[PDB]
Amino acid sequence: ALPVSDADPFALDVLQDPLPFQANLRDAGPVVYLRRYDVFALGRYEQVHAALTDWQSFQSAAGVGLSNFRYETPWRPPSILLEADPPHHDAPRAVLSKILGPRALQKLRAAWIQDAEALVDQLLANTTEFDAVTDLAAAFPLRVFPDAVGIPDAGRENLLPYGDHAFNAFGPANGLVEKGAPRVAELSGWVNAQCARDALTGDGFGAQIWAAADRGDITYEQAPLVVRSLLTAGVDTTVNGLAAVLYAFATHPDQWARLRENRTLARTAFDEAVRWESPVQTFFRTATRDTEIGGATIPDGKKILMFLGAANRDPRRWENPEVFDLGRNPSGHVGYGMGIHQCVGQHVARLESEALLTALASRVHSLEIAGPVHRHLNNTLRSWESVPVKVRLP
């Protein structure tokens, strides 16, 4: 009965430009069987939302990549947040929810704002033409987030590769994964080292996680894996979200002026970029029982592929979805997911954006694309390689 398709969402040509595919997915029906992978794809907002929230029907503990941990060996000990269901999910989630929550981040705001202003000021002192990825979007998270976690300086060059491999590894064992598999032992080796109590400053998120373990909120065994979650999820996502927002502003002069005309728009600017780009494209779930969704039965034990990018551009939910518009209300986009696993780092992402955008807006009159943009292909993370920009100063 279902629409059925030979489309490969992880083919390089789709990864380079996934918008065609998303439209085809959404157009085919609520539920498309991807024969290539024996999973059920969902591309419309309504079903993606329903699948995300229904953790009882659609579990995470069997893996939220293609790989089914029922049968297949994980490349790493699975995340005790992302790949855990209730009740195991609950305690580590609650720890991060508190540590990364708005109240907690309040104390970092002025420092991050300040660090962003310094970054931008020093960049613009040297040059008004530069790569928005390497000089801003990549630079700024690396300058603030590792320090805030409180890991040592040694080995920080592993953060982006580690993150990229983890997101690739949610995909099939295709070239993007298999070309990374030599390096994982040394990648996994480093990150585990950063997660130990003795490797971490006694100030940052890491120390706070360990302090939560002292109170018994989590165990000393969970504590380093909780730190690990931050070091997997917390860097590459924000780099690519920041690249997207910068790309959006550089191609939308009116939206840029609107930001400049009201600095409180940063928050909603970043959230709209998250909707519009959807840096995290896809996640899987595993059906725990035969389940009806969008008219289709998902057999017990089979995986659903949720297309967050496609749901975020679904015209059933969004007016003129292709447009980047800070006048839009993007609240309810599924770019951070939805329900019990909804991104716990969203306050962290929004603050980085607020800091960087405020700093940029203070010093840049207008912003243009200065040269060809280039994507970095990844199975699950829409990644920006280069975004040459030129700025005009006041």
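One-based numbering along the sequence shown.
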248-256 versus 187-195 - which carries the larger mean C-alpha B factor in the record
187-195
Looking only at CA atoms, which has the higher mean B factor in the entry: 276-284 or 131-139?
131-139
Using only the C-alpha B-factors in the record, can you name which of 312, 79, 222, 126 has the highest?
126
Going by the CA temperature factor in the entry, name the top one among 235, 177, 308, 95.
177
In terms of its chain's C-alpha B-factors, the third that includes residue 83 is the lowest
Ranking the modelled residues of this chain by C-alpha B-factor as given in the entry, is residue 332 in the lowest, middle or highest third?
lowest
Going by the CA temperature factor in the PDB record, which third of the chain does residue 242 belong to: lowest, middle or highest?
lowest
Could you look up the Cα B-factor of residue 383 in the entry and say which third of the chain it sits in: lowest, middle or highest?
highest
Against its chain's modelled residues, does residue 112's Cα B factor rank lowest, middle or highest third?
highest
